[PDB]
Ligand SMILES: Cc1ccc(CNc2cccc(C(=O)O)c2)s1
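Coming up is one lone chain in structure tokens, specifically the form solved without this ligand.
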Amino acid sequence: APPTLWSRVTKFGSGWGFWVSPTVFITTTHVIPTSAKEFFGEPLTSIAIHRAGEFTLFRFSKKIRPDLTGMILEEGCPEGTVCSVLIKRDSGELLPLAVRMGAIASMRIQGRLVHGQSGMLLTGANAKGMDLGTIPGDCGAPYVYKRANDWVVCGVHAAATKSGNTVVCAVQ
């Protein structure tokens, strides 16, 4: 995946978030520190927060990442799209995990109620665990794909089943 997608992937709370543009940052709601009153040097009063379940978007009143171009953010993707989930792991290792996307779904995972775009990993069978699958620390990692000549971001990693074969993308 292009270097300019990896540069947008930012360590954040208990997981990750993603710079769509110089002013727009997306993440998974449950990774945000609940006590936090300041983000990237800006008070809450200077930030527009848009929350839909496990999808949160932050829009800043100043350019935080002026090195970036704005890219396309969509509300999930068509069934059958293959996405990459841009996961960072122990030691500057970069894991673009392949996933086949399916329907919008409501599920119960480890007792919690989860809603978003379902998908199934294309990394292996029985993918439970860090070598072929997701871990809790991956929440907030972006789902991206290439559409003709450009890249799209279409959500953030919210959950994975106990088996690890099914994942859920939170969507705008």
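Only the largest set of C-alpha atoms that superpose within 1.5 Å between the two forms is called the rigid core. Quick note: we count residues from 1 along the sequence shown, nothing fancier.
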**Asked** in 9 other deposited structures of this protein, superposed on the rigid core, which stretch sits farther off in Cα RMS terms, 69-77 or 89-97?
**Response** 89-97
**Request:** Name the stretch that deviates more in 9 other deposited structures of this protein: 160-168, or 14-22? Use RMS CA distance to the shown form, core superposed.
**Result:** 160-168
**Fill in**
The stretch whose C-alpha atoms carry the larger average B-factor in the entry, 42-50 or 137-145, is 42-50
**Item:** 30-38 set against 113-121, stretch whose average Cα temperature factor tops the other in the entry
**Value:** 30-38
**Third of the chain, ranked by Cα B-factor, where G92 sits** = highest
**Message:** Among the modelled residues of this chain, does the Cα B factor of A1 put it in the lowest, middle or highest third?
**Reply:** highest
**Item:** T166 - which third its CA temperature factor falls in, relative to the rest of the chain
**Value:** lowest
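FYI, the form deposited with this ligand bound isn't displayed, but the following is about it.
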**Asked** Heavy atom to heavy atom, is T134 within 4.5 Å of this ligand in the deposited complex?
**Response** yes
**Asked** Wondering, does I109 line up within 4.5 Å of this ligand in the deposited complex on heavy atoms?
**Response** yes
**Message:** Can you work out whether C154 and this ligand are in contact in the deposited complex, taking contact to mean some heavy atom pair no more than 4.5 Å apart?
**Reply:** no
**Message:** Is it the case that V144, even though its partner is missing from this view, gets within 4.5 Å of this ligand in the deposited complex, heavy atoms only?
**Reply:** no
**Message:** Need the contact residues for 139-172: heavy atom within 4.5 Å of this ligand in the deposited complex, sequence order, or none if there are none.
**Reply:** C139, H157, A158, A159, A160, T161, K162
